[PDB]
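Here's the structure, in structure tokens; my notes come after.
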Amino acid sequence: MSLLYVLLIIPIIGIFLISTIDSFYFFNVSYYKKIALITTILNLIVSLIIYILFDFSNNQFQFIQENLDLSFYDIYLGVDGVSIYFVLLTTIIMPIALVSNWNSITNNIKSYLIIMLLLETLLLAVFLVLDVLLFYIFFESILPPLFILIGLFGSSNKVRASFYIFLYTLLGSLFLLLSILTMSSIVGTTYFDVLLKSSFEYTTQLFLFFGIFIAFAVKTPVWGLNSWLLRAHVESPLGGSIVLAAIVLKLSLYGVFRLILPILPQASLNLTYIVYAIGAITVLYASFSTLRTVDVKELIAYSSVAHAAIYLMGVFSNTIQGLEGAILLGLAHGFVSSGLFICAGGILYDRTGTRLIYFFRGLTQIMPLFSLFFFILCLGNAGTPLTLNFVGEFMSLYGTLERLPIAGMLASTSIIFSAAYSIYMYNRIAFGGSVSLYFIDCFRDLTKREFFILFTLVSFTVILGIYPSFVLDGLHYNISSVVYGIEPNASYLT
Amino acid sequence: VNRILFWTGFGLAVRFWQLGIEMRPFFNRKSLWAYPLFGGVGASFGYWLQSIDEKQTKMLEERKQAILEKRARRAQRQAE
Amino acid sequence: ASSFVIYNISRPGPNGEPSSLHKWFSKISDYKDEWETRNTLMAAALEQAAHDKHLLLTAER
Amino acid sequence: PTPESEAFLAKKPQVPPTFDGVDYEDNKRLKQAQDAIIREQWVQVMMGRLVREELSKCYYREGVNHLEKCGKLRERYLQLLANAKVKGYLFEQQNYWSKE
Amino acid sequence: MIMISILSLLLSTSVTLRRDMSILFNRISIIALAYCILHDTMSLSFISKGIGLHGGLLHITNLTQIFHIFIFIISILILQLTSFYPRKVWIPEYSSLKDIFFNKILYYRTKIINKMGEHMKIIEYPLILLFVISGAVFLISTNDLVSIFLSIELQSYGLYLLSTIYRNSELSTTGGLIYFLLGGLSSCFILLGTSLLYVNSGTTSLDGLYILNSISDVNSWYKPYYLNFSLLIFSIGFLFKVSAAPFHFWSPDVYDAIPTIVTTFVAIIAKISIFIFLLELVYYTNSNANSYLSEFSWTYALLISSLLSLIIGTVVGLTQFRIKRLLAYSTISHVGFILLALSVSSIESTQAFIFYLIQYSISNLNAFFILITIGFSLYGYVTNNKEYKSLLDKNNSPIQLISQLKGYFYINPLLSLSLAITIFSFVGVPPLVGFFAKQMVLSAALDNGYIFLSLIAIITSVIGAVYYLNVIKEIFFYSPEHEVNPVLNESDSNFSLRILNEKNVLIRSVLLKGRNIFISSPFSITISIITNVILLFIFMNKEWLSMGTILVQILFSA
Amino acid sequence: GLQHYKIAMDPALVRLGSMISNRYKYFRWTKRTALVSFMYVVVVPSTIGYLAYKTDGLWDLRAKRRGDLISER
Amino acid sequence: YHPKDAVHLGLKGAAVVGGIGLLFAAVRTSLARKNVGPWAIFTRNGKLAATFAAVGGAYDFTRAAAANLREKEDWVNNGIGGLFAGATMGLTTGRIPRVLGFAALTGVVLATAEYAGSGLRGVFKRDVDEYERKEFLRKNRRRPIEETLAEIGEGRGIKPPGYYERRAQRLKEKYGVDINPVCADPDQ
Ligand SMILES: CCCCCCCCCCCCO[C@@H]1O[C@H](CO)[C@@H](O[C@H]2O[C@H](CO)[C@@H](O)[C@H](O)[C@H]2O)[C@H](O)[C@H]1O
Ligand SMILES: CCCCCCCCCCCCO[C@@H]1O[C@H](CO)[C@@H](O[C@H]2O[C@H](CO)[C@@H](O)[C@H](O)[C@H]2O)[C@H](O)[C@H]1O
Ligand SMILES: CCCCCCCCCCCCO[C@@H]1O[C@H](CO)[C@@H](O[C@H]2O[C@H](CO)[C@@H](O)[C@H](O)[C@H]2O)[C@H](O)[C@H]1O
């Protein structure tokens with residue numbers, strides 16, 4: 001069997017073991033948690049084995065298994081240098097997601113672990129499948145377990161929040177389905193190798209673009225459309241919020257390198273000015289309203305909207321630099337947003353039971369270790385050099401500017417306004433007076449669990465910010481096949 | 001995937017779900033014979049689906065050749 | 001200490017002459033044409049069923 | 001010239017970087033065409049990298065006199081900077097253009 | 001074989017008056033339907049668009065036999081509901097082959113198993129279903145107008161009788177009355193349509209009408225306007241019988257009033273026969289040549305019905321609080337997808353039509369079994385909610401409100417996920433089977449120019465998903481209002497079970513509490529086989545979809 | 001879930017948050033709200049889009065020297 | 001093209017749409033639970049029939065008018081008549097927001113119905129071999145460079161062979177400046 005199926009089967013084996021141990025024993029919930037965490041370690045172990053054996057400049061799909069037994073819907077699993085790092089991020093994030101929420105679930109612990117083990121399978125799949133109809137199948141199988149992850153383990157406004165993400169993500173995904181169905185009917189299949197050969201007529205590509213973009217604007221999400229995220233990324237449990245922002249948000253970032261860039265190039269080129277206008281607006285309106293947010297977890301959720309706009313504008317630049325910067329900023333947001341939900345929804349909400357920023361002040365005086373990590377995370381969210389977030393923004397903004405110079409200049413306002421929301425939140429909670437008077441008793445500082453998941457996540461952000469070539473070497477050759485263009489003395493050689 | 005493998009497992013999955021819906025214990029020793037019976041029925045149904053597959057393949061093959069005569073022979077008569 | 005020790009150990013040398021570990025690594029992950037031979041077959045068959053589905057779905061009523 | 005490394009044989013394109021006379025339903029030939037265009041564009045941009053590295057040494061070697069002693073390197077680097085960009089193959093795969 | 005079965009069963013039930021003798025007559029109705037499956041299975045060794053039999057008044061087709069067997073198996077699964085007691089008592093001491101085959105268990109089974117329950121006492125219930133099945137498998141194979149009329153009445157009249165068979169319920173008799181009075185008007189429409197066909201064509205044979213339509217379809221004294229006008233009246237009656245909007249107000253009321261056992265059968269079987277019959281009629285009334293004939297195509301009524309059924313079925317269901325009224329409206333939104341695939345007559349739409357009908361009949365069946373099993377499960381539970389106290393026919397429909405399902409995840413977690421997997425299939429979420437059905441119907445419509453209807457369909461699918469999620473949120477997002485019965489576990493309350501042997505000597509005595517009472521195996525196994533088919537279709541799709549591709553290859557062949 | 005530490009929850013601030021979370025239930029279409037809802041959603045993005053349309057491929061700085069022109073069109 | 005009398009056609013919609021709504025008021029009176037009488041169809045439910053008449057007359061007239069004004073026949077006019085129909089729909093409820101909301105909801109449907117093609121009747125048949133049409137669009141993998149340039153245009157990173165010499169001409173015609181870049185090398 002292929003080694004890419006081993007990534008899928010392990011979480012499946014782990015769900016089986018959680019449901020069949022109580023039959024060998026009133027077993028403790030501690031042993032439920034250990035099995036799920038070990039089984040996400042193994043996926044990470046395997047995924048690094050896949051990465052050692054990867055070939056950084058091969059234009060054929062790798063780790064493929066020859067099926068030669070065709071059906072109507074067959075799983076085809078290939079790994080490519082444009083998808084490898086999305087897989088690695090998934091497998092590094094899911095253990096922290098489990099450890100972060102280790103004592104906070106308290107009830108329905110089996111069901112909680114079985115959903116996350118299910119989620120890791122489906123999100124691993126969406127990066128590994130070699131069809132665009134297969135891509136859609138897994139891109140939307142994550143929807144039922146997320147409706148239940150929010151309504152069982154979510155906060156007060158959990159019911160409306162779970163309806164919002166499900167219904168918005170269902171609606172937006174059904175316009176992508178109509179366009180995928182058109183592509184398949186014209187071409188006969190949705191297997192990548194046969195689609196990338198095929199070139200659609202301009203008018204068809206103009207109508208496939210309207211349909212793949214409706215979906216991804218719903219799933220970025222852009223400003224006019226993000227009302228599900230400000231509910232779902234907040235009412236959800238801590239572990240739900242980590243997966244939703246780090247991994248689920250990137251399903252459409254990686255889905256533009258497959259669905260738009262190679263098969264609808266003329267449409268992408270001629271409509272970019274519409275994308276850039278939308279992207280510029282969500283860099284401003286989201287930045288303006290991230291200043292006035294009184295919910296700490298909601299402030300982090302709103303930050304993701306402004307970040308996602310920068311990478312969306314990068315993936316539409318037709319430049320090798322904005323394309324790699326978009327993947328780097330997708331990865332960068334993955335580690336940093338994870339840490340700030342760990343700070344907001346998993347530490348202050350553990351100790352105070354509230355998310356209102358009015359009750360917090362001067363937390364440096366009694367939690368110095370929280371303050372140190374909270375400040376480093378806050379500076380990466382502000383796009384400060386030495387973090388992977390700065391590199392992703394620099395390259396994303398450069399390509400946005402080289403393609404359409406006016407929108408990149410309005411996108412670069414982020415540099416100013418991301419810094420203004422990030423420092424203002426940090427100053428209000430850690431600094432900004434003395435330990436607040438609403439704290440009747442003292443609050444303990446970080447536990448050894450809270451320290452080491454923040455430390456792990458922060459370490460990824462810095463070392464990748466110093467040596468981004470750890471991720472750039474795989475991207476260069478594979479990214480070099482989604483650029484559309486020619487130069488006069490370099491093309492059509494004889 | 002292998003049909004005999006999928007269907008054998010499908011029968012083992014059907015036993016696990018039935019005990020879960022009944023809330024009866026999975027794996028009590030004096031009832032473990034159910035898993036072999038459910039798996040054997042899953043093996044047998046699948047040997048029947050392999051015979052179904054074999055015949056359908058012949059039929060779809062013939063038809064794709066017939067549509068390739070109708071399109072051909074019509075083009076032959078349009079050459080006049 | 002560990003980084004400096006490992007880094008010094010894994011250096012190639014004055015001119016070529018890779019280590020035994022290095023020779024082992026490039027050996028296991030060779031796949032000189034194994035991905036190209038497998039993907040070429042699959043592309044052929046999925047091209048073939050792209051044609052066959054048009055033929056069956058576009059037949060004369 | 002510098003001896004061609006052993007690692008520089010498994011990745012050396014065997015085909016001219018074109019699509020003229022390339023059957024697309026032949027996947028191996030088509031993929032090798034694609035790979036052959038990608039590597040020419042990349043060698044061209046790495047040729048600029050190396051000339052720019054020489055220009056840098058010439059600049060620090062000559063100091064005030066850089067404005068007279070490093071112009072041949074300047075000329076080569078400024079030619080590669082407009083001749084070479086990594087533009088991909090997707091345009092060349094989907095369009096046929098001829099001298100006529 | 002269905003006719004030999006009705007006559008033999010009729011003679012046996014005619015000379016008995018014993019009500020304890022009903023469970024066994026339902027078991028023989030399952031064995032009887034198994035011989036019919038062995039006969040139609042062996043009648044599938046030929047290729048033909050059709051063979052007229054019995055003087056041309058009947059026809060046999062590969063599509064006709066497949067549907068005959070599908071009808072017989074869907075019938076064998078509903079029959080299990082009346083052939084096995086709802087609950088069972090299981091102990092690991094009596095669980096091996098030697099025990100279940102050579103040993104025996106004796107205890108007071110009456111109040112545990114509901115031996116004298118209502119659904120276990122009607123003796124003619126296995127017979128009435130067998131007369132409905134007969135009308136369904138005749139309608140599939142009708143080659144003449146009179147045969148259509150006589151078959152549709154055989155099926156319709158037996159549905160009314162099934163809906164009135166709980167004679168001591170004010171609800172059931174009300175529903176049978178609504179069904180007969182609105183069903184009789186539908187039959188006038190079907191009779192008017194056929195009469196106007198014969199009176200203008202001189203023929204009652206469908207093939208002659210097909211040829212009169214074939215010769216007319218060419219791009220003066222006798223325009224064939226009657227065919228499209230006659231078939232539009234004709235389809236109005238069949239639209240009512242399948243409850244497509246606008247003629248849908250009857251189904252929510254009848255499906256909620258009659259007992260849940262009964263609504264499994266009545267809400268499935270009539271659509272399977274009516275929709276298969278319409279497909280052959282749509283194929284041969286097609287206008288290949290764009291002429292004035294295609295401007296009055298009768299298929300437009302199905303296009304307007306489908307559009308209206310998509311809207312009505314998904315909008316009106318938002319404010320339902322009764323589960324059976326909810327499920328009635330959900331079926332109307334599913335016939336809006338079945339009706340679009342039928343209206344676009346293409347090779348892709350017919351293959352998508354065939355898949356949608358079979359898989360939806362299979363999944364809505366799971367939705368009915370899960371509901372009936374949850375009703376039987378609450379026997380060991382009690383509740384103090386004041387609203388449940390005032391419900392009517394609490395024995396014929398145990399679950400009536402969606403609020404009675406609050407916190408079922410806490411009572412039975414996998415039964416709740418079976419109801420989740422089935423409802424998410426109605427929504428059309430991947431990788432579930434119901435996704436792959438709506439995918440095919442949308443692709444068929446888009447490929448042939450029905451872009452406007454596709455956008456309407458995906459919009460209403462969002463709206464219809466709202467009331468499906470309300471059911472899911474109710475089962476999982478809250479804590480139950482149902483508590484375990486305190487007496488069943490009282491420590492002093494135990495029922496003695498005796499293990500005997502072949503020569504009736506005690507092997508063991510055992511003390512059992514309410515913790516030793518479970519769901520019966522026929523219900524648990526049936527639920528798990530269908531929940532698994534919905535969840536694992538992506539790994540087992542070749543034989544099911546290939547059967548449809550071959551079937552439409554023949555109907556369109558030549 | 002877990003019991004948190006004691007917080008002097010402010011009756012005033014709790015209802016302020018309860019005001020914000022429920023705020024949208026009371027939004028109405030007035031002449032004032034339409035004006036803001038029209039400027040932010042339509043005018044400002046339409047204005048940005050127009051500049052993005054008219055300057056597309058207008059300028060390139062790549063390799064351009066003295067004697068050459070930044071404008072590409 | 002052939003001009004059409006807008007006023008005539010506009011009345012036809014009023015009678016056609018209004019005629020149906022008159023049948024709806026007949027249903028309302030028949031299902032009245034009191035002894036309201038036959039003439040109640042024109043007194044109690046008259047506003048039901050009037051709004052159908054108002055909407056029908058606005059639509060067909062405004063569309064036929066817009067057809068005459070633009071001197072074209074296409075999906076666009078089914079839009080203009082649609083907006084003026086929903087505009088009349090909201091005039092009854094007396095709320096300004098509903099006037100815009102109904103018009104947006106009404107007009108977007110009618111344009112979408114027409115542009116997508118007439119679905120509710122017989123869809124237009126091209127009467128051509130579908131196997132040839134589908135197979136051509138699957139194997140139409142390369143195109144003439146000139147064909148693509150028309151839709152996207154040379155520039156924006158699409159620099160086809162000869163772009164510089166053409167750009168020289170384009171700039172000379174517009175700015176009026178001869179292009180002569182500096183050698184940037186003191187020797188040769
Ligand atoms: C497509 C469908 C939707 C996709 C998402 C699927 C989500 C599946 C969730 C996991 C399955 C159900 O998870 C199930 O939860 C119930 C809650 O009563 C647990 O049941 C147990 O809960 C607690 C645990 O301490 C016990 O005290 C209680 O006695 C027992 O009922 C089961 O041990 C667990 O397996
Ligand atoms: C969960 C779903 C699992 C799959 C369920 C469906 C599986 C069964 C599908 C069988 C039907 C298609 O498979 C095939 O069809 C054709 C046409 O009808 C039939 O084929 C039959 O007619 C031909 C023609 O004379 C005979 O020579 C042949 O021996 C006979 O089998 C059979 O029925 C079956 O061989
Ligand atoms: C960081 C992103 C940077 C790129 C985006 C901004 C680029 C701006 C480039 C501006 C210069 C482009 O090229 C420039 O065109 C303008 C057009 O008015 C000319 O500007 C001139 O135009 C007229 C003649 O028409 C003169 O009389 C006038 O004094 C002056 O405005 C310059 O002579 C020419 O050099």
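Residues are referred to by chain and number: the chain letter is A, B, ... according to the order shown in the structure tokens, the number counts from 1 in that chain, and ligands are numbered separately from 1 in the order shown.
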
TODO: Could you report the residues within 6 Å of ligand 1, using only C-alpha atoms and all ligand atoms, as a ChimeraX atom specification?
DONE: /A:108,110-111,114-115,144-145 /E:409-410,413,417,420-421

Any chance you could export the current selection's N, CA and C atoms as a short mmCIF file (atom, residue, chain, number, x, y, z; two decimals), in the first residue's frame?
data_model
loop_
_atom_site.label_atom_id
_atom_site.label_comp_id
_atom_site.auth_asym_id
_atom_site.auth_seq_id
_atom_site.Cartn_x
_atom_site.Cartn_y
_atom_site.Cartn_z
N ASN A 108 -18.03 14.33 27.51
CA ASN A 108 -18.05 13.77 26.16
C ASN A 108 -16.63 13.69 25.60
N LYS A 110 -14.69 11.12 24.86
CA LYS A 110 -14.53 10.22 23.73
C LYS A 110 -15.00 10.88 22.44
N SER A 111 -16.18 11.48 22.46
CA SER A 111 -16.72 12.09 21.25
C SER A 111 -15.83 13.22 20.78
N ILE A 114 -12.80 11.68 19.10
CA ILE A 114 -13.14 10.99 17.86
C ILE A 114 -13.40 11.98 16.74
N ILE A 115 -13.92 13.16 17.07
CA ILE A 115 -14.13 14.18 16.04
C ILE A 115 -12.80 14.72 15.54
N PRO A 144 -19.94 18.30 8.74
CA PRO A 144 -20.74 17.71 9.83
C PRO A 144 -20.00 17.61 11.15
N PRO A 145 -18.77 17.09 11.19
CA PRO A 145 -18.08 17.02 12.49
C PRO A 145 -17.77 18.38 13.09
N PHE E 409 -28.69 11.64 22.10
CA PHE E 409 -27.25 11.27 22.06
C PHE E 409 -26.85 10.76 23.44
N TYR E 410 -27.43 11.36 24.48
CA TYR E 410 -27.18 10.91 25.87
C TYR E 410 -27.79 9.53 26.12
N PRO E 413 -25.94 6.83 21.84
CA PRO E 413 -25.08 7.57 20.94
C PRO E 413 -24.98 7.12 19.47
N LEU E 417 -26.17 8.83 15.79
CA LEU E 417 -25.25 9.07 14.66
C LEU E 417 -25.82 8.38 13.43
N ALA E 420 -28.03 10.88 12.37
CA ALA E 420 -27.23 12.01 11.86
C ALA E 420 -26.76 11.67 10.45
N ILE E 421 -26.16 10.49 10.26
CA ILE E 421 -25.60 10.08 8.94
C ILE E 421 -26.72 10.08 7.90
#

Task: Residues of segment 3-188 of chain G in helix (DSSP H, G or I), written as a VMD selection string - done: chain G and resid 6 to 30 38 to 41 46 to 70 75 to 93 96 to 115 130 to 138 145 to 152 163 to 174

Task: Spatial neighbours of residue 282 of chain E, 9 Å, only C-alpha atoms, chain gap at least 4 places, as a list in words - done: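 So, after excluding close chain neighbours, the residues are residues 278, 286, 298, 299, 342, 343 and 345 of chain E.
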
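Across the model, the gap from atom CA of residue 453 of chain A to atom CA of residue 51 of chain A is 22.9 Å.
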
Task: Spatial neighbours of residue 125 of chain A, max dist 10 Å, only C-alpha atoms, sep filter under 3 positions, as a list in words - done: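 Answer for this query is residues 4, 5, 7, 8, 75, 76, 77, 87, 119, 120, 121, 122, 128, 129, 130, 134, 135, 137, 138 and 139 of chain A.
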
Just C-alpha atoms for this one: save the residues we selected as a PDB file, in the first residue's frame.
ATOM      1  CA  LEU A   4       0.098   8.376   1.690  1.00  0.00           C
ATOM      2  CA  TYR A   5      -2.699   6.028   2.739  1.00  0.00           C
ATOM      3  CA  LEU A   7      -1.474   9.035   6.889  1.00  0.00           C
ATOM      4  CA  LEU A   8      -5.187   8.435   6.400  1.00  0.00           C
ATOM      5  CA  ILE A  75      -9.226   7.915  -4.375  1.00  0.00           C
ATOM      6  CA  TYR A  76      -5.965   9.012  -5.969  1.00  0.00           C
ATOM      7  CA  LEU A  77      -3.316  10.132  -3.440  1.00  0.00           C
ATOM      8  CA  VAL A  87       0.275  18.392   5.009  1.00  0.00           C
ATOM      9  CA  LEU A 119     -11.001  15.858  11.273  1.00  0.00           C
ATOM     10  CA  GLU A 120      -7.326  15.082  10.857  1.00  0.00           C
ATOM     11  CA  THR A 121      -8.170  12.368   8.332  1.00  0.00           C
ATOM     12  CA  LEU A 122     -10.418  14.602   6.236  1.00  0.00           C
ATOM     13  CA  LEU A 128      -3.498  14.576  -0.858  1.00  0.00           C
ATOM     14  CA  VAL A 129      -6.209  13.849  -3.452  1.00  0.00           C
ATOM     15  CA  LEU A 130      -5.412  14.268  -7.170  1.00  0.00           C
ATOM     16  CA  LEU A 134     -12.252  14.414  -4.845  1.00  0.00           C
ATOM     17  CA  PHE A 135     -10.956  17.728  -3.502  1.00  0.00           C
ATOM     18  CA  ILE A 137     -15.636  15.805  -1.396  1.00  0.00           C
ATOM     19  CA  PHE A 138     -13.162  16.160   1.457  1.00  0.00           C
ATOM     20  CA  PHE A 139     -13.257  20.003   1.393  1.00  0.00           C
TER      21      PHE A 139
END

- [ ] Find the residues near ligand 3. Use a cut-off of 7 Å, count only C-alpha atoms and all ligand atoms, and write them as a ChimeraX atom specification.
- [x] /A:401,405 /F:59-61,69-71 /G:175

TODO: Using only C-alpha atoms and all ligand atoms, determine which residues fall within 6 Å of ligand 2, then list them as an MDAnalysis selection string.
DONE: (chainID B and resid 52 55:56) or (chainID E and resid 44:47 62 543:544 547)

Open item on the list: If we count only C-alpha atoms and set the cut-off at 6 Å, which residues sit around segment 157-165 of chain A, ignoring sequence neighbours fewer than 6 positions away in its own chain? Please answer as a ChimeraX atom specification.
Closed with: /A:147,150-151,228,231-232,235
